[PDB]
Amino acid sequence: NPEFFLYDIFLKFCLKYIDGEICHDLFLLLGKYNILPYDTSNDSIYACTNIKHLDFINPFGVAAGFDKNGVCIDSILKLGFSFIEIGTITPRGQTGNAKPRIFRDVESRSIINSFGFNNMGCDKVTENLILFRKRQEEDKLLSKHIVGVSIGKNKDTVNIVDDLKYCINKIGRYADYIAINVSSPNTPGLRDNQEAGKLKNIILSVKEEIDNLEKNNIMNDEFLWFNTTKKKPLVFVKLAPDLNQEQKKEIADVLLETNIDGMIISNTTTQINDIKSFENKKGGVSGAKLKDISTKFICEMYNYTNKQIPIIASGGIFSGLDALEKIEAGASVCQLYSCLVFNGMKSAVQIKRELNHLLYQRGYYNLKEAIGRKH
């Protein structure tokens, strides 16, 4: 397969010599120009999955922070992913923290970043997503692919809820689901919104603004929800792994009380302090070193919520084996980020095949039968 082969060489070269932020922006640009490879294969019917009435053609998507501004949605999806989470976006554009702000360690397959929500802002990203949605209805390869939107707050915003409401009113119509980001480590005081009291008020406000989209509209649903589901976006919350047991219990109760549609487990961590090349660096850590921590977090929340809240897995997923660990722990779907950095354009094709072979040799009829089996 020549196209993937050439890109693997170029990506390995880029890893060794070129700055990480430069690399990421380079490949986003190549995707914008539509010169990345395609995965046009039919996905196994036995690896499809869902979160409530939200259907995924396969269980692998791209996590938030990868295409922050929705400039590259088509090409990333056509690598073989069933969905992508754009953002995190904020109402106003931000430059983020000072460069350099992302570093990679190849041997440990780990990353550390201190971006601080650099993004073009809700208005510009909304225009980008609208353009995608128009392209989607004329491209055979984009049908049934899901696009979620991660939302957060500007660095100097004091009322997070005011920022979340603004983003929902601008972009909610074009999103299949909304991810509430209260777990970034690179914006001071954001994670404090995971406290049960603050979190509950945030979720209810978010759900209220989404419900208010449908009200005061004269068109049929088919023209209000310009997304993939043609329904109002589901609501997820992304949690950080840096919490004590009691905090995790209180959060679990809030999710059940508010009837949230799902939880993303998890964001980056600050606990990792054994990566030599990162010892002087600032930010949250991604990649392999995060896998075990995040998989445990999945098991815990699956228990604390009594299996009632669907889970989106994020953290150190590189192989089909890694994916099955997340699924057997309680996850319904998996998100990749670091895998794309170190494995390149073949990440989706490769990991989908590995998971299919593993579901068979493990004696599963389909993916859904494996959800939560470890417990």
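We number the residues from 1 along the sequence you see.
Between the two ranges 207 to 215 and 175 to 183, the one averaging a larger CA B factor in the entry: The deposited B-factors put 207 to 215 ahead on the C-alpha mean.
Higher-B stretch (mean Cα B-factor, as the entry records it), 359 to 367 or 11 to 19: Averaged over C-alpha atoms, the B-factors run higher in 359 to 367.
Identity of residue with top Cα B-factor, from 163, 137, 127, 105: Answer, based on the entry's C-alpha B-factors: 105.
Checking the entry, which one of 123, 261, 74, 246 has the top C-alpha B factor? In this record, 246 carries the highest C-alpha B-factor of the candidates.
Relative C-alpha B-factor of residue 221, binned into the chain's lowest, middle or highest third: It belongs to the highest third of the chain when residues are ordered by C-alpha B-factor.
Can you tell me whether residue 299 has a C-alpha B-factor in the lowest, middle or highest third compared with the other modelled residues of the same chain? Highest third.
Relative to the other modelled residues of the same chain, rank the CA B-factor of residue 85 and answer lowest, middle or highest third. Lowest third of the chain for residue 85's C-alpha B-factor.
Using only modelled residues of the chain, where does the Cα B factor of residue 322 rank: lowest third, middle third or highest third? As the PDB entry reports it, the C-alpha B-factor of residue 322 lands in the middle third of its chain.
Using the B-factor values recorded in the entry, state whether the Cα atom of residue 132 falls in the lowest, middle or highest third among the modelled residues of its chain. For residue 132, whose C-alpha B-factor we compare with every modelled residue in the chain, the answer is the lowest third.
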